[PDB]
$ cat structure-v7.txt   # compact mmCIF, C-alpha atoms and all ligand atoms
# COMPACT_ATOMS: atom_id res chain seq x y z
CA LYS Z 1 0.00 0.00 0.00
CA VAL Z 2 0.94 3.65 -0.51
CA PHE Z 3 0.38 5.53 2.77
CA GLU Z 4 -0.97 9.06 2.95
CA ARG Z 5 1.39 11.37 4.85
CA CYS Z 6 -0.57 11.94 8.07
CA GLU Z 7 -1.88 8.39 8.28
CA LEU Z 8 1.69 7.16 8.15
CA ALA Z 9 2.78 9.64 10.83
CA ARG Z 10 0.17 8.36 13.26
CA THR Z 11 0.94 4.74 12.38
CA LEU Z 12 4.65 5.22 13.17
CA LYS Z 13 3.83 7.04 16.40
CA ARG Z 14 1.65 4.17 17.59
CA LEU Z 15 4.55 1.82 16.81
CA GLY Z 16 6.90 3.70 19.12
CA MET Z 17 9.00 5.51 16.54
CA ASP Z 18 8.72 9.01 17.94
CA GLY Z 19 12.08 9.76 19.50
CA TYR Z 20 13.32 6.21 19.11
CA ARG Z 21 17.05 6.38 19.93
CA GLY Z 22 16.91 10.15 19.55
CA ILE Z 23 15.18 10.10 16.13
CA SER Z 24 12.17 12.36 15.74
CA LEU Z 25 9.04 11.22 13.92
CA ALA Z 26 9.71 13.85 11.22
CA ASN Z 27 13.09 12.25 10.45
CA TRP Z 28 11.42 8.87 9.99
CA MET Z 29 8.79 10.45 7.73
CA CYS Z 30 11.44 12.17 5.60
CA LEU Z 31 13.28 8.84 5.34
CA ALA Z 32 10.17 6.96 4.22
CA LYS Z 33 9.25 9.70 1.73
CA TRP Z 34 12.67 9.65 0.02
CA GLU Z 35 13.27 5.90 0.22
CA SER Z 36 9.94 4.69 -1.15
CA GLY Z 37 7.43 7.49 -1.41
CA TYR Z 38 5.55 5.80 1.43
CA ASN Z 39 5.11 2.59 -0.61
CA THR Z 40 5.36 -0.67 1.34
CA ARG Z 41 5.71 -2.75 -1.80
CA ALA Z 42 8.76 -0.81 -3.15
CA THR Z 43 11.73 -2.94 -4.24
CA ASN Z 44 15.09 -2.01 -5.72
CA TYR Z 45 17.69 -4.41 -7.02
CA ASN Z 46 21.31 -3.36 -6.79
CA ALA Z 47 23.02 -5.07 -9.70
CA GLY Z 48 26.31 -3.87 -8.28
CA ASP Z 49 26.37 -6.06 -5.23
CA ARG Z 50 23.47 -8.47 -5.77
CA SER Z 51 21.42 -7.16 -2.84
CA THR Z 52 17.89 -5.77 -2.90
CA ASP Z 53 16.18 -3.01 -0.91
CA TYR Z 54 12.73 -3.86 0.49
CA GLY Z 55 9.69 -1.87 1.48
CA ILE Z 56 8.82 1.51 2.92
CA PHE Z 57 12.24 2.13 4.48
CA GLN Z 58 14.14 0.31 1.68
CA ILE Z 59 15.98 -2.07 4.01
CA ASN Z 60 18.85 -3.93 2.41
CA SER Z 61 19.14 -7.68 2.12
CA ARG Z 62 22.90 -7.88 2.76
CA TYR Z 63 22.69 -7.01 6.41
CA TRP Z 64 19.12 -6.88 7.57
CA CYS Z 65 16.71 -9.44 6.16
CA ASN Z 66 16.91 -12.80 4.41
CA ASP Z 67 15.92 -13.26 0.75
CA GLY Z 68 18.05 -16.30 0.13
CA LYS Z 69 19.61 -14.82 -2.98
CA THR Z 70 22.13 -12.27 -1.63
CA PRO Z 71 25.61 -13.69 -1.31
CA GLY Z 72 27.33 -13.65 2.06
CA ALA Z 73 24.28 -11.95 3.51
CA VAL Z 74 23.30 -11.95 7.17
CA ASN Z 75 19.85 -11.36 8.65
CA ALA Z 76 20.18 -9.09 11.68
CA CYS Z 77 16.45 -8.34 11.92
CA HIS Z 78 15.86 -12.08 11.79
CA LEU Z 79 13.05 -11.78 9.22
CA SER Z 80 12.36 -12.89 5.68
CA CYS Z 81 12.66 -9.89 3.41
CA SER Z 82 9.02 -10.72 2.43
CA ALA Z 83 7.97 -9.39 5.86
CA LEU Z 84 9.11 -5.95 4.64
CA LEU Z 85 6.61 -5.97 1.75
CA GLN Z 86 3.45 -6.22 3.89
CA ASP Z 87 0.79 -3.53 4.17
CA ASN Z 88 1.18 -3.68 7.95
CA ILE Z 89 4.48 -2.05 8.75
CA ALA Z 90 5.09 -3.46 12.24
CA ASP Z 91 7.88 -5.81 11.13
CA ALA Z 92 9.47 -3.09 9.00
CA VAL Z 93 9.39 -0.77 12.00
CA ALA Z 94 11.01 -3.42 14.22
CA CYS Z 95 13.72 -3.85 11.61
CA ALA Z 96 14.25 -0.11 11.26
CA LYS Z 97 14.67 0.14 15.03
CA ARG Z 98 17.30 -2.59 14.81
CA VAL Z 99 19.19 -0.78 12.04
CA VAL Z 100 19.39 2.32 14.24
CA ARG Z 101 20.68 0.41 17.26
CA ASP Z 102 23.97 0.21 15.39
CA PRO Z 103 26.58 2.99 15.66
CA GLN Z 104 25.58 5.01 12.55
CA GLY Z 105 21.97 5.25 13.62
CA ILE Z 106 19.79 6.75 10.95
CA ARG Z 107 22.93 7.60 8.96
CA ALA Z 108 22.90 3.99 7.63
CA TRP Z 109 20.55 5.26 4.91
CA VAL Z 110 22.34 7.60 2.47
CA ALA Z 111 18.97 9.08 1.38
CA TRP Z 112 18.64 10.40 4.88
CA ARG Z 113 21.99 12.22 4.65
CA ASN Z 114 21.02 13.60 1.20
CA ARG Z 115 17.39 14.61 1.78
CA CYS Z 116 16.91 14.92 5.56
CA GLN Z 117 20.07 15.63 7.52
CA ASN Z 118 20.57 19.24 8.48
CA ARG Z 119 17.23 20.21 6.94
CA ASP Z 120 13.93 21.62 8.07
CA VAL Z 121 11.79 18.45 8.14
CA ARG Z 122 8.85 19.91 10.05
CA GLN Z 123 6.58 19.87 7.02
CA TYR Z 124 6.47 16.10 7.11
CA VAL Z 125 4.32 15.98 10.29
CA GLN Z 126 2.49 19.31 10.00
CA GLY Z 127 -1.19 18.88 10.79
CA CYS Z 128 -1.06 15.12 11.51
CA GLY Z 129 -1.97 15.07 15.20
CA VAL Z 130 1.41 13.73 16.30
CL CL Z 201 16.23 16.51 14.29
CL CL Z 202 9.49 -13.45 8.46
CL CL Z 203 -0.44 -6.89 5.17
$ encode --input "structure-v7.txt" --output "structure tokens" --more "lines below"
Ligand SMILES: [Cl-]
Ligand SMILES: [Cl-]
Ligand SMILES: [Cl-]
Amino acid sequence: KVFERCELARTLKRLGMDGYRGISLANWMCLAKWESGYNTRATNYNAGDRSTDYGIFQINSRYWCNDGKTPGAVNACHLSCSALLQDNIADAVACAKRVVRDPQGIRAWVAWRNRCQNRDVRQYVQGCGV
């Protein structure tokens, strides 16, 4: 599914994302917007290294989930990558939390550095009741 902005914001808040390891809801929104355009079914194959990015946060198969087809991969979220293509984002959120438990935090996504870091991201949650 493709989330509407404010519906997503409330969904992430309910799932405990607001302020998770120092990361504001608006940062998570900006990440989702630029990774996937709020689309849970988004996939992107990286021919370069044989990995794939899955779902609303575009989480990569090399480190984070198992798709069986990425060489040398590990599965730190301990999930099938299929779990990151559901309409319900709970598993994706649990995996995103796990990504940010590592030293880089949200910096693990380059799109965040490009489109979110050091920016005014307030617009993402304006009017959403969060
Ligand atoms: Cl911030
Ligand atoms: Cl699974
Ligand atoms: Cl679903």
$ closest_atom_pairs --input "structure-v7.txt" --of "chain Z" --to "ligand CL 202 (chain Z)" --cutoff "9 Å" --atoms "only C-alpha atoms and all ligand atoms" --output "CSV"
residue,atom,partner,partner_atom,distance
Z:65,CA,Z:CL202,CL,8.6
Z:66,CA,Z:CL202,CL,8.5
Z:78,CA,Z:CL202,CL,7.3
Z:79,CA,Z:CL202,CL,4.0
Z:80,CA,Z:CL202,CL,4.0
Z:81,CA,Z:CL202,CL,6.9
Z:82,CA,Z:CL202,CL,6.6
Z:83,CA,Z:CL202,CL,5.1
Z:84,CA,Z:CL202,CL,8.4
Z:91,CA,Z:CL202,CL,8.3
$ atom_distance --input "structure-v7.txt" --atom1 "CA of residue 109 in chain Z" --atom2 "CA of residue 129 in chain Z"
26.6 Å
$ closest_residue --input "structure-v7.txt" --among "Z:9, Z:77, Z:108, Z:90" --to "residue 25 in chain Z" --atoms "only C-alpha atoms"
Z:9
$ residues_near_ligand --input "structure-v7.txt" --ligand "ligand CL 201 (chain Z)" --cutoff "8 Å" --atoms "all atoms listed in the file" --output "list in words"
residues 23, 24, 26, 27, 117, 118 and 121 of chain Z
$ residues_around --input "structure-v7.txt" --residues "residue 30 in chain Z" --least-positions-apart "4" --cutoff "8 Å" --atoms "all atoms listed in the file" --output "PyMOL selection string"
chain Z and resi 26+34+112+115-116+121+124
$ write_last_selection --input "structure-v7.txt" --atoms "C-alpha atoms" --output "compact mmCIF listing (two decimals), keeping the file's coordinate frame"
# COMPACT_ATOMS: atom_id res chain seq x y z
CA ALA Z 26 9.71 13.85 11.22
CA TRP Z 34 12.67 9.65 0.02
CA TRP Z 112 18.64 10.40 4.88
CA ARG Z 115 17.39 14.61 1.78
CA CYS Z 116 16.91 14.92 5.56
CA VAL Z 121 11.79 18.45 8.14
CA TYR Z 124 6.47 16.10 7.11
$ residues_near_ligand --input "structure-v7.txt" --ligand "ligand CL 203 (chain Z)" --cutoff "9 Å" --atoms "all atoms listed in the file" --output "PDB file with C-alpha atoms, in the frame of the given file"
ATOM      1  CA  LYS Z   1       0.000   0.000   0.000  1.00  0.00           C
ATOM      2  CA  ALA Z  83       7.970  -9.390   5.860  1.00  0.00           C
ATOM      3  CA  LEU Z  85       6.610  -5.970   1.750  1.00  0.00           C
ATOM      4  CA  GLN Z  86       3.450  -6.220   3.890  1.00  0.00           C
ATOM      5  CA  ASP Z  87       0.790  -3.530   4.170  1.00  0.00           C
ATOM      6  CA  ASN Z  88       1.180  -3.680   7.950  1.00  0.00           C
ATOM      7  CA  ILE Z  89       4.480  -2.050   8.750  1.00  0.00           C
TER       8      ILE Z  89
END
$ residues_near_point --input "structure-v7.txt" --point "(5.1, 18.8, 5.1)" --cutoff "10 Å" --atoms "only C-alpha atoms" --output "VMD selection string"
chain Z and resid 5 to 6 26 29 to 30 120 to 128
$ write_last_selection --input "structure-v7.txt" --atoms "C-alpha atoms" --output "mmCIF file, in the frame of the given file"
data_model
loop_
_atom_site.group_PDB
_atom_site.id
_atom_site.type_symbol
_atom_site.label_atom_id
_atom_site.label_comp_id
_atom_site.auth_asym_id
_atom_site.auth_seq_id
_atom_site.Cartn_x
_atom_site.Cartn_y
_atom_site.Cartn_z
ATOM 1 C CA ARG Z 5 1.390 11.370 4.850
ATOM 2 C CA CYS Z 6 -0.570 11.940 8.070
ATOM 3 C CA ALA Z 26 9.710 13.850 11.220
ATOM 4 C CA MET Z 29 8.790 10.450 7.730
ATOM 5 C CA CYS Z 30 11.440 12.170 5.600
ATOM 6 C CA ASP Z 120 13.930 21.620 8.070
ATOM 7 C CA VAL Z 121 11.790 18.450 8.140
ATOM 8 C CA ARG Z 122 8.850 19.910 10.050
ATOM 9 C CA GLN Z 123 6.580 19.870 7.020
ATOM 10 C CA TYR Z 124 6.470 16.100 7.110
ATOM 11 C CA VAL Z 125 4.320 15.980 10.290
ATOM 12 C CA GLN Z 126 2.490 19.310 10.000
ATOM 13 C CA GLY Z 127 -1.190 18.880 10.790
ATOM 14 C CA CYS Z 128 -1.060 15.120 11.510
#
